[PDB]
Amino acid sequence: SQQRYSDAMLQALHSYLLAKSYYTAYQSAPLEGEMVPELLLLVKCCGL
Amino acid sequence: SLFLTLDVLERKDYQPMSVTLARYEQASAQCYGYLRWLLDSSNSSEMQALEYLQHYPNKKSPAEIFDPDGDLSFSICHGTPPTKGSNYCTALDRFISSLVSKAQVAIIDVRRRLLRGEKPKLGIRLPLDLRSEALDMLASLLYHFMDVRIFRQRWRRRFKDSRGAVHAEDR
Amino acid sequence: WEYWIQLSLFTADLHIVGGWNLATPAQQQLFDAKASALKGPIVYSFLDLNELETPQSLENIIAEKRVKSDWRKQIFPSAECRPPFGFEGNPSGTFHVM
Amino acid sequence: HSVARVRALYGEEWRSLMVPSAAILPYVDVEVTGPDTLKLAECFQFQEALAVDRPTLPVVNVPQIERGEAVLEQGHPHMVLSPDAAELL
Amino acid sequence: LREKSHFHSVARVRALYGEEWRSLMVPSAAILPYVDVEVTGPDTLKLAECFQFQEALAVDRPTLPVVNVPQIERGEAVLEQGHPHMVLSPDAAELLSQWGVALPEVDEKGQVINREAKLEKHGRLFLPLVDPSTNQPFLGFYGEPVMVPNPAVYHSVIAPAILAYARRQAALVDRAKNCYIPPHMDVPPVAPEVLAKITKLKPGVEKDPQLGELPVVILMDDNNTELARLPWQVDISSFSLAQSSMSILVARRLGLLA
Amino acid sequence: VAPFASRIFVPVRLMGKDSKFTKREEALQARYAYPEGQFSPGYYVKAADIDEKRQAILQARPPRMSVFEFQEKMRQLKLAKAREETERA
Amino acid sequence: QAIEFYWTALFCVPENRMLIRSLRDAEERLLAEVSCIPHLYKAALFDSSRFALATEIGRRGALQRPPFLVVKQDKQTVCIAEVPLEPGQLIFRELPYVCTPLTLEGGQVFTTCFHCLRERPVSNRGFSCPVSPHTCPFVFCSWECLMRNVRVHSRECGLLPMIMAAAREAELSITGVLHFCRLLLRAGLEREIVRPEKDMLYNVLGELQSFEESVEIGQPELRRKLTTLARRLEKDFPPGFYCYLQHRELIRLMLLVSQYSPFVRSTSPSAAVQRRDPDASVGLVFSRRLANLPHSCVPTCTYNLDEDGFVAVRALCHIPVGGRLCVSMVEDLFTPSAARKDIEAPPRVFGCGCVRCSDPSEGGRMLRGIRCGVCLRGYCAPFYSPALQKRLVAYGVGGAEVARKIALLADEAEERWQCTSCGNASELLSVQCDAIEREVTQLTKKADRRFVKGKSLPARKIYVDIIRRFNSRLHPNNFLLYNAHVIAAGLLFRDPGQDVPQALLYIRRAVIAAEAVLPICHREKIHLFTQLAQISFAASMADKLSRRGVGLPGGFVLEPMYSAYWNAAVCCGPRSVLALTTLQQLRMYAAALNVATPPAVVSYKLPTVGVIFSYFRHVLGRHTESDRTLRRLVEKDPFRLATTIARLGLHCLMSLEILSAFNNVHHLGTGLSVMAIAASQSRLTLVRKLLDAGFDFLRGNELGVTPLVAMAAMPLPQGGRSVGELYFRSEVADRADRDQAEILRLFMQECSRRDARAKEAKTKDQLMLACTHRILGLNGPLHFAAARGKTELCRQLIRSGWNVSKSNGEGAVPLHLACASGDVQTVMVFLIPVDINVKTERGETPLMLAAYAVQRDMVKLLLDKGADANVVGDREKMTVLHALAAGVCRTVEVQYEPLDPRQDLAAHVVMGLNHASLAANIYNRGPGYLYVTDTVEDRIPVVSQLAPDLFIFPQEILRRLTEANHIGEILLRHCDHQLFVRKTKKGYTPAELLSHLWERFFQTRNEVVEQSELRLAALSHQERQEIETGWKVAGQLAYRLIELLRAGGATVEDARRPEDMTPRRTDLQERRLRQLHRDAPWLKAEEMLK
Amino acid sequence: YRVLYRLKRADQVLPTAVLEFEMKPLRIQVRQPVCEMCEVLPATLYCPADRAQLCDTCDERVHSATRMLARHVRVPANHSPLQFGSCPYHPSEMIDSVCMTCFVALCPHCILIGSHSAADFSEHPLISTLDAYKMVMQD
């Protein structure tokens, strides 16, 4: 929100991978849709 | 900048072998004034450089700065092939380019002698014992013929615009 | 010269107070060309004034015009310097190096 | 090796009189909001509409309660002229 | 902030030290939640009856401090465990220097050595303060008694000698050849043998007919020898430091409650 | 108990012996001395009184004196009084 | 006058270079000759021996007498003297009867106690109101004041709005009226306890001077509004509020308050040690003996409010026999004559006949000087206006009858200006200099509102605009010019700005203007001289940024600090906190300049150095130089010879003769004596040679640091060679600790020789009696060795007889300081025979300081030897898991100190820039250079925020959670289940206390990263990856520790706290019994006996 | 790494200089920036493209007027290049430029009057000191 756009890369990617690691052993589905909020962070900060 | 380099050069402290006497007096922790460079390096150099011109010792009056036998009248008169062919190389644009070139040759030679130390032979009095007729010619021209409104206008926009002022130099 | 002594002493506290070049710049160039003529490099040795074969002070070397030390039988410390003599009495004091 | 380590011990000279305490402070946020009673004390007006000051009529006869304490003749009030009536006359 | 105490010297110190005028300020809704307090009832008002009673009775009934005082604030120790730092009291150091006696010192274990030599011919001037009922000195911090200066030595030798010896010799030589400063100045020295035998003190009330409650101190030796009737009521502030007592019971024991 | 200090030290108790320090000390303690009447002695007393203050501010100045007259006073003071003192001596 | 003539030539020709240069030369010469205390007073401060028949009783009983008699010529209160009074002599030394702070509008409190104008002793503790305990503000601070003033607040709390509306009808200072009604209440409740013929209020009216008739006919607006307030004060108040006093006598008492009550400044003991501003609050006090003085604007005495809260005055000048004792009622004595004699001024101030208030040019001080253009030399002084003069002749000689005679028998605001060189009083001069006067007053008021609202940058801009434009039009003593100098110097040293040498100008002309105008000693001269040497040292540093030569010499940085210490001794006290903190500033600055010799009376010279170069070149190792070259060193610094010999221990016969002379002088850098610095480093052979030759081993410095205390205070030398629970430590530490044990043993035999020769003067007890001021927290030698991890030293301290259970400061046992050091062996030797559980005044064990530091083998060691893991505090209710929580994420270290080594530029120079200082948070690799950080709290256990590497890099956090999780594991099987639910003072379980402090650490994390340092900007993508992996795992272990402190307590059916249990009889009885045990400890002896 | 050298020849040891020093640190005076057009607020955000330091009220009026100025990335004010500064040849001007072919620190006055003042550039590259600090840390 303020000015960084690069720490917002790494926290979104880390919440992506930590959710995914739980989502591949708790249940057999890597994408579960709940990772959309930081997916929106990933694309916008990649493009900016 | 010819006059601001002179301004910085005279403002520097120079002193005899009492440098080592002041090193022994540092471990003890003449005696009237020690720190002078740092105190007066607080205001802008625009004010100091104009008053460096103001109190210059041996300047030339307007009556004989236009001496009809002198070198300024000579460089506007006899010589100077007329503006034909290409570019712009008019009369005094060559001669207060040659005086600036000669004044650097004197001033750099002065600075080289101050690095050795070359103490003077024991006002505003200049660095070391100058007979500086080229510097005096340039000083009087800047002393009688300009105005301070545009001296401040283009040199304030030169110091706080050190990038744009040197790129517009070539472009 | 300050960063040279800082390098030799591992100390980010040492700061120079002055210096005295006891050699002309033309003499420095003559020594550089003689070293390349010997096919060997130049190493800076930071010696204490009292570590030499016969100790001289700063006032001794200026007045007498010669540092009177036999450089043949003299040992030159390179890179790491020992702490300057005195040191552990007045660590935050003024010293000299040549 | 030396020079750097021994200089650090000379920095230990002026940290000698410097001792860790036994404070255990758990900094936990406490909120400010609430009734501000110095506001309420300084917003309060009177309702009598006291008039402007004029020259006054002091009362000549009054029991003497001068300077707070009660002077008596031999046990009774000793009705006497007031000082501000002496000033007016 | 329109005063001749703002906008001036109190601000030119602060801006010299590089802080703001927005600070030194807080609304009075953050003083209370940040600084926790515990409740004070009517007993703090009733206890404060006798603290101004020491202050108001000053020029006639001088107070007697306790030299066995800690550096720690009261109400934290138990007086049989916990070893605070021993110190001589600030107001006791003022009073002992005012009367004209040398300044003593308090040991770590709480015993005050006597750095004087004039005492031995007329008894003790540093004696334990003793309970009025059980006739045993108050066990202060490690079992050693709470001890106070003795006014019996004070009024007998020192108090008349300051005016009679020093002042009369100085006045009759300086004024002739070329004010009533000390307090009390009441009942004379009783007897040198009464001076010789003294060891105990007792905070009592007495003074019935035209005074009602003006506390005095009763002076004893071994098997309850009531000797001296000196006023010198005890300092309740220094006594409560010596006992870490914190409440009204000091005025009950000392009799200062009225 | 004393350390039995050595003979190799010459103390000198820094009192009046050596001119510059003997006047620097009394100059610095001159400011710490008792002032004369400068205080508020109860009653006020004013000396402002503008018209005599023109004269009372003149009142102390050196003589207002020109250099051409200075040359002739130093000629009449040096030459003439030298002729008198050589005749006497 | 050399300044004066250089300034007028600057007005003739501005700049001109030589004019502004010779001006700068002449001003700093003038400063070098005025900023020096006399050498006799100089050596008296550093003497250091101060801190080491019926006729005879009469002699020492008469040379202690109160040096004043309150004699009664006319109606005045003239105070006479009888004894030659040295400056710095305590005179009255009383109690303040009643006091009020600066109450103001906006509902603002000065964050100190409303009563007892002091700093609060504990910031998070206080006493309570009797009427409305915690709705009324203004909590009390100590039990010395709750007994002092609880009834004067009980009568005032219900009537606070009642008096608030009274002060706005009759327009007055709100503090002037709120003090007066407090005087009415306290004196009224004293009339209840005393007989009704004698009282202090009975003494004040009738015996004091009490200007009345001068107020009726002069400054009549003073009388009308005091009548307006008193008419209000009579009719809607109870008659006992004003002690049943008459209306006319009420006017007398209201003048008695205003004209005898001074504004005092409450210095604070915590901001003094934290280098910030003293004088944290300002307000009125009243005292009977203080009011028994005549006011004079040229003082012979200055009052203060001490930190123990005693109003006392000292001696400024050298008042001889038959002298006067005078104080300034004016709190800002630099204030001009017109505002001294303001229409709102107190009557005692308004009638004063000092030379400053009678002579128009302020007695040669020339405080209102504006350039007179008629003669173009000298400055013209203003006069009193004719409107002022008519109302002012009621106070001098027979002022009463001359006032009434003119009133019955018989341009006003404009006042004239008179030049002091040629004497011109034209209307031209009084409209020219008036025009300059209005312009500078309007400009100073413009920055006055600019600074008060907090917009500090333009406030400095127009103050600097005043100093640059008017400047030569103003005399160098003006109230407008000097107030511009002080603000602009401070705001060009702090604030955005500090070009640095322009601030060096503005503090230099400030100190000159202050010494020529303000009296010989003043409270403000403490502040101005401290910042004069501080900017002088920073300008010495900024020169060393530039061409690297000498900088300013040692005189210009030491001597302003010396005068700051002398004004600290005269004004605030010779033993107050402010004088000791400025003295620690003096010693730290002396160590940076390397002067190392206290100015004393001895000054032992060596006039035969030229032959003993065989020893002098040996001690400093320099076998090079000549005769004159180190003969400088003996005259400039004889004591550096003693310090180098003591640190490099030489036991030669010539060495003993050298150190024998230097005994009484301590030092100037650190203040340790010759033997004290000899034994601080392990120099066992030199220490033995000094003790058997009769060297002094008992005296301490100003803080009380005896050589044994400083011996244990020294950090153990670590980082040496090789190794020695796997408790390996360097052999340099091994030889240092054991040789220091031999030094302590030799101290014990040296006591034994001096105590077996005779009796009394018990050197054994004086060696044990060695502690320190509360600034360091009353620490003893056993305390210092425990905090330093010296195992062999504290073992010998135990055997010799120092008490293992001795307490310091906040009730700390040496076992607390041993476990804080982290050394396992020091903890062992303190419990070899014990207090394995023990409490402070806050209620902490060694186990909870073990969990705070988060150390695995320290918690395991205490649990093996029997530490009770269920101890709950009685003041914090804080347990061992409550200490592991918030020790996982602590942002503040609490540390004892004599002064901050965090904001001093001199501390970085003296103590150095190395790994040891970085671990001690001395200097900082942060965003700002020094600036002003978050103030945290003002406690004498000085709290300080840690470095901003805790928040940025996840190395210290990730390291700390790994053994914090393991400490929770080893405490899981030892602690009970009730402590996992127990609440603290803020109502937190140990589990969600950790969750809350993790969120607060996260909020401070985002705040620190956003403000940022450019180390974060200069980060590669791999290092940014490693940081974000670090904080993800840090959050992983944070929640894992949260579940560890929560899941253990999920198997208990009882969630209510133990004090909310329905109790069973005997616990009611015994809580009442133990309450009376602490309440009345004296009933024990009468109970078991009778 | 201590090496001791002995030279056979005395026409191989030319002594150069005698240097005296003190052992006490010397820290750079650091200046966290102030707003440029109005020295009324401390700087909060520095824009490297505009190479200027501004407060919050000035960032929203310089860069928030045209559309090409809103695209400027802005960093916090402690990333400013002017916080390294004395330029000891001409004091009271801060170092904003570091010459990379010379490894020397210059100020705007120090490039017009001082060392890099004559005919130069295209053989004397200069940058901001914020970029220069980034290359030391990222080696």
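Above: the structure in question.
The rules behind each value
- Residues numbered from 1 in each chain as written, not as in the entry; some residues may be left out.
- Chains lettered and ligands numbered in written order.
- Part of a larger assembly, values for the part shown.
- Heavy atoms only, no water.
- Contact = heavy atoms within 4.5 Å.
- Buried area = accessible area lost by both parts, 1.4 Å probe.
- Salt bridge = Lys/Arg side-chain N within 4 Å of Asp/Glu carboxyl O.
- Polar contact = N/O pair within 3.5 Å; in protein donor to acceptor, adjacent residues only side chain to side chain.
- Helix = DSSP H or I, 4+ residues; strand = E, 2+ residues; numbered from the N terminus.
- Nonpolar A, V, L, I, M, F, W, Y, C, P; charged D, E, K, R; others polar.
- Core = buried A, V, L, I, M, F, W, Y, C linked by side-chain atoms within 4.5 Å.
- Buried < 20%, exposed > 50% of the residue type's maximum accessible area, 1.4 Å probe, protein only.
- Pairing = 2+ DSSP bridges.
- Expected span 1.5 Å × (residues − 1).
- Patch = residues over 30% accessible without salt bridge, like charges linked within 9 Å, V, L, I, M, F, W, Y side chains within 5 Å.
- Areas by Shrake-Rupley, 256 points an atom, 1.4 Å probe, with all protein chains shown as cover.
- Disulfide = S-S within 2.5 Å.
- 1 Å grid on protein atoms, 1.4 Å probe; cavity = no way out; pocket = protein on both sides within 12 Å on 5 of 7 lines; lining within 4 Å.
- Points joined across faces, edges and corners; volume = space filled by probe spheres on them.
- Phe/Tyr/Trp six-rings, centres within 6.5 Å; stacked < 30°, edge-to-face > 60°.
- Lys NZ or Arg CZ within 6 Å of the ring centre and 35° of its normal.

Chemist: Which parts of the structure should I look at to understand the interface of chain E and chain G?
Modeler: The interface is formed by 89 residues belonging to chain E together with 101 residues belonging to chain G. The contact between chain E and chain G buries some 8900 Å² in all, and 59% of this surface belongs to carbon and sulfur atoms. At the boundary of chain E with chain G, the tally comes to five salt bridges. With a shortest N-O distance of 3.0 Å, E:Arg14 and G:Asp277 are connected by a salt bridge. At the junction of chain E with chain G, the criterion picks out 29 residue pairs in polar contact. Take the side of chain E that touches chain G: its biggest share by element is eight residues, from helix α1 (residues 9-16) of chain E. Broken down by class, the residue content of the side of chain E that touches chain G amounts to 48 nonpolar, 21 polar and 20 charged.

Chemist: What's the story with the nonpolar core in this structure? I'm lost.
Modeler: The tendency in soluble globular proteins is for nonpolar side chains to be buried as a group. All names here are of chain G. By size, the foremost hydrophobic cluster in this structure holds 194 residues, and its most contacted members are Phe241 and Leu528. Considering every element that reaches this core, the biggest residue donor is helix α25 (residues 555-572), with 13 residues. Listed in part, the 139 residues of the second largest apolar core include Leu633, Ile658, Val674 and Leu686.

Chemist: Help me out: how do you make sense of the sheet that holds strand β11 (residues 417-419) of chain G in this one?
Modeler: Working definition: the strands of a sheet are paired by backbone hydrogen bonds and lie parallel or antiparallel to each other. Residues and elements named next belong to chain G. Taken together, the three strands give an open sheet; going across it, the order is β9-β10-β11, and neighbouring strands pair in antiparallel fashion. Of all the strands in the sheet, the pair left with one neighbour each is β9 (370-371) and β11. Pairing between β9 and strand β10 (residues 379-382): two bridges, direction antiparallel. Looking across to β10, one finds that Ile370 is bridged to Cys380.

Chemist: Teacher, can you tell me more about the interface of chain D and chain C here?
Modeler: By convention, interface size is frequently given as the accessible area that disappears when the constituent parts associate. With six residues of chain D in contact, the opposing surface of chain C contributes ten residues. Buried surface at the junction of chain D and chain C, summed over both partners, amounts to about 790 Å²; 69% is from carbon and sulfur atoms. Linking chain D with chain C are one salt bridge, by the criterion used here. In this structure, D:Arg7 engages C:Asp13 in a salt bridge whose closest nitrogen and oxygen atoms are separated by 3.8 Å. Inspection of the chain D/chain C interface yields one residue pair in polar contact.

Chemist: Explain helix α2 (residues 18-34) of chain G here, please?
Modeler: It helps to recall that an α-helix has 3.6 residues per turn; residues three or four apart then point in one direction. Over its 17 residues, α2(G) runs 24 Å from end to end, which matches the ideal 24 Å to within 8%, given 1.5 Å per residue. Listing the buried residues of α2(G) in full gives G:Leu19, G:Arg21, G:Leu23, G:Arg24, G:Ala26, G:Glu27, G:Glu28, G:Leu31, G:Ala32 and G:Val34.

Chemist: So what exactly am I meant to see when it comes to helix α28 (residues 627-636) of chain G here?
Modeler: Where α28(G) is concerned, the buried positions are G:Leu630, G:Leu633, G:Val634 and G:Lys636. Buried residues belonging to α28(G) abut α2 (18-28) of chain B together with α27 (613-619) and α29 (639-647) of chain G.

Chemist: Honestly, a nonpolar patch on the surface in this entry has me stumped. Any pointers?
Modeler: Residue and element names in this part refer to chain A. On the surface, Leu31, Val36, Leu39, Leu40 and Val43 cluster together into a nonpolar patch covering about 460 Å² of accessible area. Relative to the elements of secondary structure, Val43 occurs in helix α2 (residues 36-47). Judged by relative accessible area, which is 56%, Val43 ranks as exposed.

Chemist: Please explain the state of the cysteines as it appears in this structure.
Modeler: Summed over the entire model, instances satisfying the criterion amount to two disulfides over all chains. The partner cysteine of H:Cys87 in its disulfide is H:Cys110, sulfur to sulfur 2.0 Å. Note that H:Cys87 is positioned in the loop between β5 (75-76) and β6 (97-99) and H:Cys110 in helix α2 (residues 110-114), a separation of 23 residues in sequence. Of all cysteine sulfurs, the one in G:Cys297 lies closest to G:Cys352, which takes part in no disulfide; the gap is 3.6 Å.

Chemist: Hey, could you run me through the pairing of strand β9 (residues 216-220) of chain E in this one?
Modeler: Two faces make up the sheet, and in a regular strand the side chains alternate between them. All names here are of chain E. Here β9 lies mainly inside the structure; five of its five residues are buried. As paired elements, strand β8 (residues 200-204) and β9 share five bridges and run antiparallel to each other. Considered in β9, the bridge of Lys202 is made with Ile218.

Chemist: Explain the side chain of G:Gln895 to me, please; I cannot follow it from the model alone.
Modeler: Assignment of secondary structure puts G:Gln895 in the loop between β12 (892-894) and α43 (905-911). In terms of polar contacts, G:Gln895 uses its side chain to reach the backbone carbonyl oxygen of D:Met18, at 3.4 Å. For G:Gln895, the residues in contact, after removing those within four places along its chain, are D:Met18, D:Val19, D:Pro20, D:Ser21, G:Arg902, G:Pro941 and G:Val942.

Chemist: Is there a simple way to think about the arrangement of the chains in this case?
Modeler: Where the 14 pairs of chains in contact are concerned, the greatest contact count is recorded for chains E and G. Across all C-alpha pairs, the smallest distance from chain C to chain E is 29 Å, and the two are not in contact. One thing to see here is that chain D and chain F don't touch, and their nearest C-alpha atoms sit 25 Å from each other.

Chemist: Honestly, empty space enclosed by the protein in this entry has me stumped. Any pointers?
Modeler: In this approach the atoms are scanned with a rolling probe the size of a water molecule, which exposes any empty space left behind. Looking at the largest cavity, its volume works out to about 720 Å³. Lining of the largest cavity is provided by 32 residues; of these, C:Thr94, C:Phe95, C:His96, G:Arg622 and G:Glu625 occupy positions nearest its centre. Per element, the largest residue contribution to the lining of the largest cavity is five residues, and it comes from α2(B). For the lining of the largest cavity, the per-class residue count stands at twelve nonpolar, eleven polar and nine charged. Put simply, the parts of the chain that give the lining of the second largest cavity at least two residues each are α1 of chain E together with β5 (263-266) and β7 (303-305) of chain G. Here the residues of the lining of the second largest cavity sort into 14 nonpolar, six polar and six charged.

Chemist: Can you help me understand the side chain of G:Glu27 in this one?
Modeler: Tracing the backbone shows G:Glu27 in helix α2. Discounting residues that sit within four places of it in the chain, G:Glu27 has contacts with G:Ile3, G:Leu505, G:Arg509 and G:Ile512.

Chemist: Looking at this structure, how should I read the packing of aromatic side chains?
Modeler: Both the distance between ring centres and the angle between the ring planes are used here to describe each pair of aromatic rings. By the definition in use, this model includes 39 aromatic pairs over all chains. Ring geometry for G:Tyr41 against G:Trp566: centres 4.9 Å apart, planes inclined by 5°, an arrangement best described as stacked. Here G:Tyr41 matches G:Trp566 in class, with each residue buried. For the ring pair G:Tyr615 and G:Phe616, a centre distance of 6.4 Å and an interplane angle of 75° mean the geometry is edge-to-face. Classification of G:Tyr615 by relative accessible area gives buried; the value is 7%. Aromatic rings pair up to connect C:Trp1, C:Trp4, C:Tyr44 and C:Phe46 into one cluster. Over the ring of B:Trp155 we find B:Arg158; its NZ or CZ atom is 5.6 Å from the centre of that ring. In this structure, G:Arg186 is placed above the aromatic ring of G:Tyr97, and the distance from its NZ or CZ to the ring centre is 4.5 Å.

Chemist: I would appreciate a short explanation of the pattern of salt bridges in the present structure.
Modeler: Opposite charge on two side chains allows them to pair when their charged atoms are near. Following the criterion strictly, the structure yields 82 salt bridges over all chains and no others. In this structure, B:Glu10 engages G:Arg17 in a salt bridge whose closest nitrogen and oxygen atoms are separated by 3.0 Å. Within this pair, whereas B:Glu10 is found in helix α1 (residues 2-11), its partner G:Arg17 is found in the loop between α1 (2-12) and α2, the two belonging to separate chains. Under the relative-accessibility criterion, G:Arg17 is labelled buried at 6%. In this structure, D:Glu66 engages D:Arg67 in a salt bridge whose closest nitrogen and oxygen atoms are separated by 4.0 Å. On the accessibility criterion, D:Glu66 (29% relative accessible area) is partly exposed.

Interpretation note: all reported values are geometric properties and have no functional meaning in isolation.
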